[PDB]
Amino acid sequence: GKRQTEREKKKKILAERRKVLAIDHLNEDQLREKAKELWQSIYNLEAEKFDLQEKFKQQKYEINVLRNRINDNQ
Amino acid sequence: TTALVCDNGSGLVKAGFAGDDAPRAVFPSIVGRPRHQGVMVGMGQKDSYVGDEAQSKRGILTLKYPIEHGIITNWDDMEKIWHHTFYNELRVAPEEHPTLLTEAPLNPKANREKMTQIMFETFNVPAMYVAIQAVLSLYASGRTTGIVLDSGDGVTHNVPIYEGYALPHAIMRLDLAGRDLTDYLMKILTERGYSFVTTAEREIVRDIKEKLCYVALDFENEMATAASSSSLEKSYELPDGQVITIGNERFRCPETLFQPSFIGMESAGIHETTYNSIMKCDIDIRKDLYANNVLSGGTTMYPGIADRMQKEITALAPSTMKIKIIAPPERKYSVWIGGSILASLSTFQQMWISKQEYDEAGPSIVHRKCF
Amino acid sequence: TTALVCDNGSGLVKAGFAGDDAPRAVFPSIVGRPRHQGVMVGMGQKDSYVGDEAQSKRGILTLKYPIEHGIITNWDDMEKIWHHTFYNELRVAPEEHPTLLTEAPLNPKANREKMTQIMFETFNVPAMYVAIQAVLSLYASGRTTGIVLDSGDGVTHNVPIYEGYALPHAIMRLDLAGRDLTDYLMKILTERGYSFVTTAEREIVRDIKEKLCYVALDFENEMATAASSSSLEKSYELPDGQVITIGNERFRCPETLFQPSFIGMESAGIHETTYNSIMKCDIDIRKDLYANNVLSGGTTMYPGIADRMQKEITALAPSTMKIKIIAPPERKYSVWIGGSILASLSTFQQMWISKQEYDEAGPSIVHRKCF
Amino acid sequence: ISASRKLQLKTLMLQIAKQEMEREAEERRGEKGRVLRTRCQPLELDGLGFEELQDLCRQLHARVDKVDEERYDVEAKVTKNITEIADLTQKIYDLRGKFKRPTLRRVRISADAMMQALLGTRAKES
Amino acid sequence: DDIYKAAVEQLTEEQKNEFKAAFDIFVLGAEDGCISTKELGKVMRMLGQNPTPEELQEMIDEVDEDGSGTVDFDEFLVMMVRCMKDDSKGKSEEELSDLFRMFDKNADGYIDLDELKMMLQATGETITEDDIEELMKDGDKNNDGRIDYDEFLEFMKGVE
Ligand SMILES: Nc1ncnc2c1ncn2[C@@H]1O[C@H](COP(=O)(O)OP(=O)(O)O)[C@@H](O)[C@H]1O
Ligand SMILES: Nc1ncnc2c1ncn2[C@@H]1O[C@H](COP(=O)(O)OP(=O)(O)O)[C@@H](O)[C@H]1O
Ligand SMILES: [Ca+2]
Ligand SMILES: [Ca+2]
Ligand SMILES: [Ca+2]
Ligand SMILES: [Mg+2]
Ligand SMILES: [Mg+2]
């Protein structure tokens with residue numbers, strides 16, 4: 001169930017990174033706080049995505065280096 | 001961009017870009033986990049050697065083919081083989097290349113649907129198309145008619161085609177192929193004292209079969225000659241010395257093709273299933289099929305088979321028809337050459353199963369109009 | 001910190017810090033209580049002289065080795081030897097240093113468990129690991145394959161290894177070693193008149209064996225030559241004068257290795273147990289084992305053994321394979337050099353048996369994953 | 001000449017490279033911070049009607065879910081790259097293991113202690 | 001040892017005479033001022049030690065640039081201080097790999113002579129092109145105009 005595992009993990013993340021949200025029974029201050037929670041969560045996700053981009057750049061560079069070393073080794 | 005013409009096969013995976021003459025990378029399709037314990041630390045020992053790497057470390061592995069008879073029995077290993085083929089033998093990411101797999105006739109549907117689902121979800125190709133392994137071998141010969149006998153290593157199938165119109169009611173698929181001949185050779189070698197048991201030694205018996213065996217023109221005369229003289233005994237050096245001498249096992253191993261009663265199979269040989277496949281066709285296209293009999297696949301490379309088969313069919317067929325057997329020297333890669341030609345056509349460029357189509361109808365799209 | 005690479009052995013204890021070229025302190029493993037009465041008062045006479053001190057006062061001691069054949073038969077004496085090794089020959093308290101003992105293959109479990117229990121309770125080391133004496137000798141050669149014949153002084157064992165994967169079903173352990181050769185030499189010296197009986201004179205016979213004996217390339221020709229000429233008779237001066245002359249006892253003592261019928265043992269020589277150990281391996285790694293036969297251990301230092309063994313194996317093996325015998329000049333300390341290399345590896349740094357693990361599972365932890 | 005001055009040159013090169021790497025990393029951190037501050041839309045959480053606040057919060061939650069999906073996809077891609085480069089490193093070791101193991105240097109026994117013992121205090125270097 | 005050698009290197013040439021006097025205090029009878037295997041073995045035996053002559057000749061050959069197997073006066077000092085070992089682990093492999101990866105500005109997986117020139121210009125230390133040539137020779141083993149990662153390790157081997 002590996003592909004099913006990935007799909008279910010993603011769907012859970014939809015319900016995990018975003019829990020059950022009810023903005024109707026909350027006062028103005030609580031709504032503002034929850035909105036800022038969403039905003040800062042998105043900011044953290046942007047930070048993580050940027051980190052992933054940097055790591056991917058490093059991975060590509062090192063992969064090229066390893067290809068060169070492998071070619072040299074023969 | 002260019003298309004990837006992969007050809008899973010069973011025994012040798014042949015792949016390469018569309019539009020060339022020969023496959024770029026040809027390597028056995030075996031995945032072998034190590035079986036002993038391993039004491040050296042830091043040696044960098046992997047958990048599974050696939051492809052041609054496991055034909056060099058086969059002394060301490062347990063090789064196991066992921067494709068039994070055309071069908072695929074172990075999907076994880078097949079996925080591993082495909083991943084190796086794409087990334088290490090061709091070094092082209094599949095995100096930017098259409099693929100053209102090949103499949104034997106009369107195979108289970110679930111196999112084909114799982115194949116397309118893997119290609120679209122895991123490797124995430126732009127578009128893939130599945131083609132019957134015999135039509136390609138007919139492409140490579142440059143014909144447009146003819147009945148092709150594609151005796152691979154997994155399964156032998158015999159698809160007749162006329163004027164481009166395939167005859168679906170005349171396909172005769174038989175499950176005797178190169179692997180059963182290897183097992184039978186390994187079983188008759190025991191009559192001289194040589195015992196091969198390990199799954200690694202099956203490769204040695206396969207090499208013996210490839211290098212020494214040949215198909216006899218007349219079976220009884222050869223059996224009588226090999227039992228009196230000694231002009232047939234050819235010797236062969238094992239991977240460690242101790243040469244062996246093969247006597248009348250030379251032409252008895254591939255004789256199983258024409259007498260499947262040797263390995264206990266009921267059906268008739270490849271010399272008579274072709275005639276039966278012809279006789280199921282209409283009465284007016286039998287002359288053309290008689291004159292354009294095509295051989296393909298690896299197992300039809302035995303020295304002297306294109307004469308034995310012609311003699312047998314001429315015995316069966318009416319005396320007036322001319323029997324001709326097309327045996328191109330590039331028999332082994334005939335299916336892949338045909339696949340390259342088909343993928344290089346402009347008229348074929350709109351038959352691919354585009355990814356958006358798969359997203360709308362699911363994996364069952366392959367049985368639909370996009371065949 | 002640095003690791004202590006101790007190597008108990010049987011006959012010479014070799015120890016030293018990890019990462020060097022040679023063991024720091026090498027000394028015989030004998031513990032000898034005095035046997036006479038003793039009349040001088042206040043001379044400071046101890047109750048047991050161990051190590052190299054008892055090879056100088058051996059005239060009035062009764063030396064007794066605490067390790068018979070790999071296994072340890074007298075645990076108190078072995079504890080005394082270890083205590084001496086740690087405190088006086090290296091002068092490093094064991095409370096701050098990991099230890100890497102070595103053990104012959106196929107030894108009793110209780111020996112290994114008692115060894116780890118002693119190291120953890122009495123000396124209270126931080127972490128200790130037990131390794132098979134042949135894998136280290138394979139490390140020292142810088143190989144990763146090969147079949148190593150480690151003919152020590154206690155026991156001769158022959159462990160084949162391929163690509164880092166040890167073959168546990170092909171280990172052939174034989175209990176003929178240097179000690180039996182010393183006893184046989186002491187027994188055949190009596191044919192000229194020289195009688196050595198005392199356990200102290202066994203050391204003199206050992207010195208004779210080390211300095212004079214050599215392995216004959218062809219046994220019968222040497223027996224015929226030594227019986228006609230006198231070009232072989234080499235003389236040797238005892239610790240008190242009265243030189244002795246060794247005739248054809250020179251190459252008859254180490255010949256016992258290739259014909260264990262001399263000392264009444266049934267089994268085949270070290271020239272044929274290697275071939276048997278190879279033939280038990282798989283058919284595809286026999287060429288590599290043939291080409292990378294490794295010698296180690298002290299007893300393989302006889303002048304002319306690397307040629308006799310190669311001649312014998314070439315006689316046994318198929319004519320096509322190439323037989324090569326690796327005999328490095330640093331044979332005696334090969335196991336310890338390999339031990340130093342293994343202890344200096346970064347990948348190995350997490351395989352030690354940490355003390356908290358022993359506290360949770362008892363001494364039987366050694367048979368578990370931490371081997 | 002000797003390798004002492006050459007070793008000094010090499011160490012100077014090493015120090016310069018380390019300084020440049022640290023400087024580049026600091027620049028990357030600052031640029032990343034500024035870019036991240038740019039990416040996320042600023043909050044406007046004043047003077048908004050209660051129902052309007054709820055609707056805006058729901059829109060923010062939807063966008064958060066979208067970003068969660070996107071970043072999960074990117075994380076999966078980077079994970080695949082990590083696995084693939086780990087396999088590449090495995091192959092690198094396979095082609096570079098064997099005999100290529102660095103060895104320690106312990107063949108020299110202690111020499112300073114013997115020098116001090118046999119010459120008193122005349123050995124002052126070590 | 002090597003660190004102490006570099007530290008004391010800032011003194012005058014009379015320290016060489018002091019070390020010769022110390023070696024005379026050890027094994028008086030020296031006449032050439034060079035440590036051969038004979039004198040080294042004799043002094044270590046007097047100390048109660050025995051280093052292998054193979055180690056001594058390997059140390060001789062490692063610093064041997066002209067291939068003479070002998071030592072000049074400063075080369076004699078280098079050989080004398082080679083009798084002890086202190087450079088353990090050679091700085092740090094990971095950081096060195098990071099520096100070498102940052103060296104490749106064009107990210108071609110190699111370091112060419114031009115990149116070496118740029119880095120040396122960035123260093124600014126008083127250098128001559130002869131030093132650059134020596135560095136390139138010691139770094140580019142195969143003389144392909146580039147530095148391999150294995151060749152980079154060999155060039156940075158035993159380097160802190
Ligand atoms: N030169 C040869 N002579 C005889 N048999 C061969 C020869 N080459 C291949 N074969 C047999 O054919 C098999 C390969 O068939 P192949 O056409 O690769 O199968 P597939 O259709 O799966 O690609 C091998 O297993 C071998 O037994
Ligand atoms: N130079 C030599 N020539 C012949 N035999 C030797 C020589 N050196 C040691 N031996 C034999 O080898 C034994 C030492 O073997 P060793 O490798 O120390 O055993 P262990 O494996 O217990 O360390 C001695 O008892 C001696 O009989
Ligand atoms: Ca010189
Ligand atoms: Ca560059
Ligand atoms: Ca280079
Ligand atoms: Mg085929
Ligand atoms: Mg030993």
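One-based numbering along the chain as shown.
Even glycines carry a Cβ here, placed using N, Cα and C.
Here the candidates are B:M43, B:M78, B:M309, and Swiss-Prot annotates B:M43 as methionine (R)-sulfoxide. Swiss-Prot marks one residue of B:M40, B:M301 with the annotation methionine (R)-sulfoxide, and that residue is B:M40. For the modified residues B:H69, B:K80, counting C-beta atoms within 10 A of each C-beta gives the highest total at B:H69. You'll find the Cα of B:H69 (tele-methylhistidine) roughly 36 Å from the Cα of B:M43 (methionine (R)-sulfoxide). For the modified residues given as B:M40, B:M43, the lowest number of other CB atoms within 10 Å of the residue's CB is seen at B:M43. Here the modified residues are B:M40, B:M43, B:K80, and the ones sitting under 8 angstroms from chain C, going by CB atoms, are B:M40, B:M43. Taking CA atoms as the reference points, B:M40 (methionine (R)-sulfoxide) and B:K80 (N6-methyllysine) are 26 Å apart. Filtering the modified residues B:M40, B:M43, B:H69, B:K80 for a Cβ under 8 angstroms from any Cβ of chain D leaves B:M43, in order along the sequence. B:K80 (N6-methyllysine) sits 22 Å from B:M43 (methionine (R)-sulfoxide), taking the CA atoms of both as reference points. In the three-state DSSP scheme, B:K80 (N6-methyllysine) falls into the helix class.
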